[PDB]
Structure formats: C-alpha cells, structure tokens
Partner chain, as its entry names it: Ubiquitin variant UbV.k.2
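This document starts with one chain, in the form solved without its partner chain, laid out as structure tokens.
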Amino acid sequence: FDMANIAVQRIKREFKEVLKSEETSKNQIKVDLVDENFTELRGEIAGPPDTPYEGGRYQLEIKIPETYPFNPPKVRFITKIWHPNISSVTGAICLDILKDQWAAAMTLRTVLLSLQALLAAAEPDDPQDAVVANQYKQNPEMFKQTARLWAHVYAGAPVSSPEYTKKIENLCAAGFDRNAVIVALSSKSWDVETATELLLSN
C-alpha cells in the first residue's frame, strides 16, 4: 500500500527536484514514475560527451527501499551497455554510492548524475564485468569501438564500426540471435571463428 512518511516525502521531493533541474531541461537526466506509491521509478541518462556513450540514452530501473533515505536505491541498467563497472548481461552496477558509500543527503538527482560520471570514468581494477574490464585494459581501442557499437545498437547513438556491423549482420543472417551475436563477438575480440564456435556451444 504505502511506504513510511519519511520515504514518501523524500521521493516526492527528489522527484520534483529532478523535474525542475537544469540537467533535465538540457535532456541529460530524467525520472519517470512507474508506481503510484513511489517504490519503483525509471531513470534515463544521456551518455556523456567525448566518450563511446555519447549520443546514447540509457534507461535505468530504480527500486526505492522501505528504509529510504537511509539505504540506497537499487539501480540497474535496463539498456544494455559495455562498461567495466556494469554487467553486460544483467545491467548490475558497481558503484560505491549504491553499496557502502550511500549517504542520506544523496538524492535521485545525484545518483543519476553519478551514473553519468561513471560512464565518463570507468574503474577497471574494481570491475563488475571481468571480460569488459580485461578488454578495457588490454585493448583500449577495441574497447572504445565495442562500447560505441553497443551505444549505437542499444542506446540510439549515431555511429559505429562498419567492420563490426558487417560481422554482426553476417552471423545474424547465418541464423543466430542478434544479442547472442553481439555478446559473442564482443567477448571474443571480434573473431568470427571463436565467436561462432561459442554460439554453436549453446
């Protein structure tokens, strides 16, 4: 039915804050009510400029705990993304403010802004996704191109590698599920052989 008053009033206040913010007027962040009692929200953030994510928009599932504001929201990327601190499979996020560094003065606005800042500054030595973190460290340029490909396919960003696109359409035309294909190629250094071998393992 209803959450505790302190939680209700905090979410209402923070929701209004996002609605009125310069950041939402500049189309950088937003929040949408999913549930009338404020326990679930949907966020969106713009990819930051001069990153592989630029031009993309990333949707977020936000669940507000009963203990709000003393524990963080649970946040997950709905939009698929290629980033060392986010699971390429589940959208689970590795960020201290969602874990052990939450403070009660933090808000929906500052969480959304911190997630955009995380896109612009990955921490690969404390990763959520080992495969992506390894690629980020061992082959920066391949990482950038892969992240940009995912931004284009999943988040609506304008550009991506023609090479990569051709490999994807090749495997999709061969009868494999497109998401499976993207994942396989992205995880196997874009090598059609090892990616195909992985796809046949299923």
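Numbering follows the first chain given and starts at 1.
- Set 181-189 against 8-16 and average the Cα temperature factors; 181-189 ends up higher.
- Higher mean CA temperature factor, per the PDB entry, when comparing 145-153 with 64-72: 145-153.
- The entry lists a Cα temperature factor for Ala105 that places it in the lowest third of the chain's modelled residues.
- Per-chain ranking of the deposited C-alpha B factor places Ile97 in the lowest third.
- In the deposited entry, the Cα temperature factor of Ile45 sits in the bottom third of values across the chain's modelled residues.
- Among the modelled residues of the chain, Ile86 sits in the lowest third by CA temperature factor in this PDB entry.
- In the deposited entry, the Cα temperature factor of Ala122 sits in the top third of values across the chain's modelled residues.
The form solved in complex with its partner chain exists for this protein as well; it is not shown, and the discussion that follows is about that form.
- Of the heavy atoms in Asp32, some are within 4.5 Å of its partner chain in the deposited bound form.
- Its partner chain in the deposited bound form is approached by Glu36, whose closest heavy atom lies within 4.5 angstroms of it.
- Proximity of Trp190 to its partner chain in the deposited bound form falls outside the 4.5 Å heavy atom cutoff.
- Within 4.5 angstroms of its partner chain in the deposited bound form, the stretch 106-133 places no non-hydrogen atom at all.
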